[PDB]
Amino acid sequence: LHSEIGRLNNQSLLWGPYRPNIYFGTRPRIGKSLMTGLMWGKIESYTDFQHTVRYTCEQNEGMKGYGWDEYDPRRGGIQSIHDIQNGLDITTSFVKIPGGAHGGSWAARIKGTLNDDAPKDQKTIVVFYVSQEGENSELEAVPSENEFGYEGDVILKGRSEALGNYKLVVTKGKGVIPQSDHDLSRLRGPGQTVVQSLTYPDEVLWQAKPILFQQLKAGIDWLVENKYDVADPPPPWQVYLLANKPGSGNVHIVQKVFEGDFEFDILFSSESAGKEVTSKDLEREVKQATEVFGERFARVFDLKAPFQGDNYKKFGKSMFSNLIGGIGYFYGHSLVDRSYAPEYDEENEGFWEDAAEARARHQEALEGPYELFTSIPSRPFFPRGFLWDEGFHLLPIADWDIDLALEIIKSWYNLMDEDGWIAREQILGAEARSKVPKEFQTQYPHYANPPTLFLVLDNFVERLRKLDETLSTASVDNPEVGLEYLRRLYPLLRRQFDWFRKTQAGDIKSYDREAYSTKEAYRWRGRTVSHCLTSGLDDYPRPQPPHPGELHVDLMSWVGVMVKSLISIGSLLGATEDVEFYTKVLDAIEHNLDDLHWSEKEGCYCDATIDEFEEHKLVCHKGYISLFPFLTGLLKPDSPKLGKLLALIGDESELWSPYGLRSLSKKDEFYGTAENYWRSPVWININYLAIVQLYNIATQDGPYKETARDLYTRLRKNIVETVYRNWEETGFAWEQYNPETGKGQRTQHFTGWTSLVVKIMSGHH
Ligand SMILES: CCCCN[C@H]1C[C@](O)(CO)[C@@H](O)[C@H](O)[C@H]1O
């Protein structure tokens, strides 16, 4: 049954718009295969098209906004794009039609509507670019009857090992096609759909913009050569219209020019399936997908008071679809430093200068290939896999489709190396690398990241104890399926746990340091004077100067999270030998959080260092870090420590702002200093952990039940209203929120853990 379910999931999720880095494109979950991408741009002059043309995602003044209105990666969805520069409201509908043995079929409608400010006679170029990698695969544009290009549909027939036989059709579409009366029309046609079929070495096929411009430029050079000049120039759109040359190749460029509004379809027909897909199929499946999305949303994301209104529902749908609609498939080599230089052990004072010296040896090399199936923080700015982000992204996704989430966990855990390391940032392939400065590409095997994917595993453990529809929950409906998944993942989890302990260990024994356990103490590797990138809270203030005797209460809490998980999963597999070990680790972390990290004088948790005089010193900076044992679910409901944290969480002059909890307290000397990333702004991921823990305390007998209930109520309201208010004003989710003004700031399109707001609204943790 497990294998059966495995196979149905593979066939179900194979195809998608899995290229989140571009406005619209498709590719299957196969490294070297068929990929498509859309481009468009107005043409007004002889030189504007190069500046107007859209392909990879961006966010600036000339783009109003864009995003998925509805999406489900089993069925497809609809994306809206509001382009001010090109005067166009674009819509791209995508739909999957299950069938055959090769992952099924799919279709897309592309619709462009000029906005109110565009000239009614705007010319717009639209290109559908298609490429295929693979040694023994073939793709061929059937040539047109007509001399100079196509009056109707363009049909590409192809074959490969992974897809078998298939046909990909770009329809003629609806809309006015401009006509040139120039002499050029004798050799180039008066204006029509054209195809160029080309070949390049497989590894550059992703470079669609340059490949296309190299063809445009060759066209313009042909004009110059054949005496078409400024005495009497062809119209711009004709100058940028490729000469028709369909054929066989691993690249096919299909180019249309439209005057005014347009629309056209793309129909991918898997030959092994029924009859080929048609436009009338597309329209039906589109309408159907929406119905299904609507029904599932209302059930899984049942917004509770005071967010029951339709305004909130539209908001929740937008935040959710953008999160799930970011899922991408990535494939290629990544840049890793595998020197294991000994400077990276950071055992001396001043270690940061040493580690920089080793970095400047530049011993990094490309390795893999790797593949990854993952959601992403931000389409225009962070279109790739981030380890601790991914745990937050999957919490809402798992609610919607637990099997999709488990698939993404599996994907991430299959990257893990023999030591138990997964790189915090997955930059796979030249395409992914293109959008990332070289200095920032290299991954370091001593860098951890918060293990937030354990949070998702925890939700799945609890659910397991207590056609597309069936597939989405098959891992909890079939209890032997679930346990098998856990049996196979479990050794990897254990390895990650052991890896943390060997690589991110702090030093008790070697200092005058007293504590319940000799073993349990942690220090994030990777810190510079100014930063601690690996903890995820980049510039949150830490002991100065950084020092080999530092201990980090965040990191120790993340270890608590992990043991708790390994206890539940261990139990389920009756790994009683292991369960007993974890139980003692937990017990010790519980004690050592107190002995090493608790400040009586301050009433909160603190990181620790070693003095000038070699003594242990707490260094307290009140903010997210201070609450960590609480955020991560390690405190008993009656703990007096918990009571004191509830005081600090609730205190307006410290963390509590009208807009959510501040990353750092207004009292700390580092409030609003430096780059001010984690030194005052309100962050939805950490607020989310707070809300979940307040709620937990609120719904059990104990001395803080009602303080927690008051805080839960108000923080849930403040968080959701902050994000909603900004969405309404700007159309964006943002990375963080300003505690003084409420405004969203930094990275836009941040879906992204900001989307956790859909789970907060729907409550019932
Ligand atoms: C020098 C670049 C640092 C930017 N990091 C922020 C974005 C992201 O890295 C991806 O969402 C998160 O993983 C971090 O934790 C955030 O702080």
# chains A, B, ... in the order shown; residues from 1 in each chain; ligands from 1
>>> residues_near_ligand(ligand="ligand 1", cutoff="7 Å", atoms="only C-alpha atoms and all ligand atoms", output="PyMOL selection string")
chain A and resi 377+382+386+388-389+536-538+752
>>> write_last_selection(atoms="C-alpha atoms", output="PDB file, in the first residue's frame")
ATOM      1  CA  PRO A 377      10.126  32.870   0.806  1.00  0.00           C
ATOM      2  CA  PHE A 382      14.365  34.685  -2.649  1.00  0.00           C
ATOM      3  CA  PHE A 386      15.671  28.011   2.866  1.00  0.00           C
ATOM      4  CA  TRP A 388      14.298  27.128   8.672  1.00  0.00           C
ATOM      5  CA  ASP A 389      11.853  29.068   6.458  1.00  0.00           C
ATOM      6  CA  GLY A 536      18.154  32.857  11.502  1.00  0.00           C
ATOM      7  CA  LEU A 537      17.967  36.009  13.614  1.00  0.00           C
ATOM      8  CA  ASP A 538      20.776  37.671  11.689  1.00  0.00           C
ATOM      9  CA  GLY A 752       6.954  33.374   2.960  1.00  0.00           C
TER      10      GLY A 752
END
>>> residues_around(residues="range 717-731 of chain A", least_positions_apart="4", cutoff="6 Å", atoms="only C-alpha atoms", output="PDB file with C-alpha atoms, in the first residue's frame")
ATOM      1  CA  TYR A 659       1.104  45.696  15.895  1.00  0.00           C
ATOM      2  CA  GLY A 660       2.595  42.599  17.509  1.00  0.00           C
ATOM      3  CA  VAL A 757      -1.604  34.457   9.220  1.00  0.00           C
TER       4      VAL A 757
END
>>> residues_around(residues="range 176-183 of chain A", least_positions_apart="4", cutoff="9 Å", atoms="only C-alpha atoms", output="number ranges by chain")
A: 123, 187, 189-193, 232-235, 237-238, 256-262
>>> residues_around(residues="range 759-761 of chain A", least_positions_apart="3", cutoff="8 Å", atoms="only C-alpha atoms", output="PyMOL selection string")
chain A and resi 301+303-304+307+396+688+691+716+720+756
>>> atom_distance(atom1="CA of residue 251 in chain A", atom2="CA of residue 205 in chain A")
7.1 Å
>>> atom_distance(atom1="CA of residue 410 in chain A", atom2="CA of residue 98 in chain A")
23.5 Å
>>> atom_distance(atom1="CA of residue 76 in chain A", atom2="CA of residue 94 in chain A")
5.2 Å
>>> residues_around(residues="residue 695 in chain A", least_positions_apart="3", cutoff="6 Å", atoms="only C-alpha atoms", output="MDAnalysis selection string")
chainID A and resid 692 698 712
>>> residues_around(residues="range 35-42 of chain A", least_positions_apart="6", cutoff="9 Å", atoms="only C-alpha atoms", output="number ranges by chain")
A: 19, 22-28, 48-56, 85-87, 122-133, 206, 208-209
